[PDB]
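Single-structure report; data block below.
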Amino acid sequence: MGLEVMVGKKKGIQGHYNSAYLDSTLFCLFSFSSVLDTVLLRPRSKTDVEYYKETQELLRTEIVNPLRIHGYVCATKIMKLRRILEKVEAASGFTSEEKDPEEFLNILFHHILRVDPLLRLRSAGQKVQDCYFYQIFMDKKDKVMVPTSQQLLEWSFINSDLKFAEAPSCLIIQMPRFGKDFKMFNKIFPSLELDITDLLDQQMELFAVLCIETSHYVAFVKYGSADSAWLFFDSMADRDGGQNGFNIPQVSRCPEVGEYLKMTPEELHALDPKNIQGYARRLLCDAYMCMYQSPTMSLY
Amino acid sequence: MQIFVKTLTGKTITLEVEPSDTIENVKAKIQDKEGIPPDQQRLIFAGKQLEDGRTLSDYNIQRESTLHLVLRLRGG
Amino acid sequence: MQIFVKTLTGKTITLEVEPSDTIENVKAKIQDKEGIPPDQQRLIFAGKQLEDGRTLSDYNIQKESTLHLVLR
């Protein structure tokens, strides 16, 4: 087992038929990280749903395993998962329709592998609230051109008075985006590490970013503590066959991402997207979800 | 009884509603003022995503409360 | 809705586009990736040459469709 396996064309989750909101998400959470592995392992309780075992089997052994071991997953297997998804919510259109990772994640986590909420948050010192991801919300004008996940998060935590009940193991943040037609910022500096000490009654590390310019999902993954340790994933990077055909996923190294995350925000603001080498453009411009975990890769 | 809904853009929109109303009933009203399918709408109160089945009284929303509105990002 | 554009050489190029977009809007994107004036570009779908005025929805192009590109 290793990394050389994971990289290249015909690697990662092969998408098919509006799958990217799923291929890319699954790739973020599982390809390299292990925050959520427990989910795949908790054995079957009485209390869980009828489908629970099957879901967990497909996920672990037909998806996550062969991802990590061979570096590839046929779309065949994704469609299965989709099917199950629909068995909860008939008229969801998980099998065909374009979806939001939030949608897909909620269904899966809450409804099938009922997973203890990843977050606990106390607004106004009032009752707690649980969820699986936080959406940044705030007011822009008085701010910078390119902020960081840190600032966003902080700023978002303020303006609706909130705080973490307890340290999360795994923190998924959605960028400030009003649909296809509205980014709040052209560029966002994803904080490599995240200090939440101020935001509970210490430290968290960035392990993947999920991107989308307007309508297609692709993913970046931190596989190492190293600056260069980044990969880019596109489930439908290429095709063979006509209308009758099949997609080919690809996974590519992109150290550049690292290099740019050593530059500053005011420095990246000055930069034109057409001058941002390699795949970095999409990370800095098309961030949808940033994903943090309690540190493992980090040294020191 | 009257509450505020804010988009990310900054725009506020006001609604005459009853504590009894459901979040679907509410997105119906939002849609009419802003032409956005409830499919896409994602309402938030106190940092919490609101389910379509529940009512406002249930999320302890009072008159003059402020909700945030956010869209989905369907892709694939 | 992401789609593929193939040159004769074999090279694939991918595009993030909307059904609403026009073929000019698209050749604009192609040009940027491959440095070819839309003057010269000739797009084809289902064996059919695509007019600059029409949109993708109109030619019944779905996501993950494959267009051919050729110079004129």
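Residue numbers (PDB author numbering), protein chains in the order written: chain A, 577 to 777, 787 to 885; chain B, 1 to 76; chain C, 1 to 72. Where a beta carbon is used, it is the ideal one built from N, C-alpha and C, also for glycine.
Could you tell me whether any Cβ in chain B is nearer than 8 Å to the Cβ of residue i?
i	result
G755(A)	yes
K653(A)	no
residue 782(A)	In the structure shown, chain A runs from 777 directly to 787, leaving residue 782(A) without coordinates.
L689(A)	no
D871(A)	no
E674(A)	yes
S699(A)	yes
Report the neighbours of residue i on chain A: residues whose CB is nearer than 7 Å to its CB, in chain order.
i	result
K63(C)	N594
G10(B)	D715
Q49(B)	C707
In chain A, what lies closer than 8 Å to residue i by C-beta?
i	result
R63(B)	Those within 8 Å of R63(B) in chain A number zero; the least Cβ separation is about 17 Å.
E16(C)	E798, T799, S800 and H801
Buried or exposed: residue i, going by 16 or more other Cβ atoms within 10 Å of its Cβ?
i	result
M751(A)	buried
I660(A)	buried
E851(A)	exposed
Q2(C)	buried
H646(A)	exposed
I734(A)	exposed
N832(A)	buried
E665(A)	exposed
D819(A)	buried
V611(A)	buried
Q878(A)	buried
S57(B)	exposed
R753(A)	buried
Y885(A)	exposed
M848(A)	exposed
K63(C)	buried
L71(B)	buried
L657(A)	buried
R74(B)	buried
What residues from chain C crowd round residue i, counting only those whose CB sits closer than 8 Å?
i	result
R824(A)	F4, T12, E64 and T66
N860(A)	Chain C residues near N860(A): none, gap ~13 Å exceeds 8 Å.
Is there a Cβ from chain A that is less than 8 Å from the Cβ of residue i?
i	result
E34(C)	no
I30(B)	no
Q40(B)	yes
Whole-angstrom Cβ separation of residue i and residue j, contact assumed at under 8 Å?
i	j	result
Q31(B)	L15(B)	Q31(B) to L15(B), Cβ: 12 Å. No contact.
residue 527(A)	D676(A)	The displayed coordinates of chain A run from 577 to 885. Any statement about residue 527(A) would go beyond what the structure contains.
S736(A)	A46(B)	6 Å
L791(A)	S767(A)	7 Å
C839(A)	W815(A)	5 Å
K6(B)	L50(B)	With 8 Å as the limit, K6(B) and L50(B) do not qualify as a contact, their Cβ atoms being about 14 Å apart.
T601(A)	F685(A)	Between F685(A) and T601(A) the Cβ distance is about 11 Å, and since that is not below 8 Å, they are no contact.
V794(A)	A700(A)	About 31 Å separates the two Cβ atoms, so there is no contact after all.
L67(C)	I44(C)	6 Å
Is DSSP giving residue i helix, strand or coil here?
i	result
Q62(B)	coil
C839(A)	coil
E34(B)	helix
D774(A)	helix
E769(A)	strand
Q40(B)	coil
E16(C)	strand
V26(B)	helix
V615(A)	helix
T12(B)	strand
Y627(A)	coil
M882(A)	coil
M577(A)	coil
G826(A)	strand
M655(A)	helix
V803(A)	strand
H854(A)	helix
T22(C)	strand
Could you tell me which chain B residues have their CB closer than 8 Å to the CB of residue i, listed as they occur along the chain?
i	result
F758(A)	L8 and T9
Given that residue i touches chain B, what residues does it touch there, using C-beta distances under 7 Å?
i	result
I797(A)	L73 and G75
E742(A)	Near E742(A) there are no residues of chain B at all, since even the closest Cβ is about 15 Å away, more than 7 Å.
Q711(A)	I44 and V70
Compare the C-beta of residue i against all C-beta atoms of chain C and say whether one is closer than 8 Å.
i	result
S800(A)	yes
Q828(A)	yes
In chain C, what lies closer than 7 Å to residue i by C-beta?
i	result
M821(A)	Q2 and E64
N832(A)	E64
Listing by chain order, which chain B residues have their CB less than 9 Å from the CB of residue i?
i	result
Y597(A)	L73, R74, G75 and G76
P752(A)	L8 and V70
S736(A)	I44, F45, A46, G47, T66 and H68
Got a sec: is the Cβ-Cβ distance from residue i to anything in chain F below 8 Å?
i	result
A741(A)	Included in the structure are the protein chains A, B and C, with no chain F among them.
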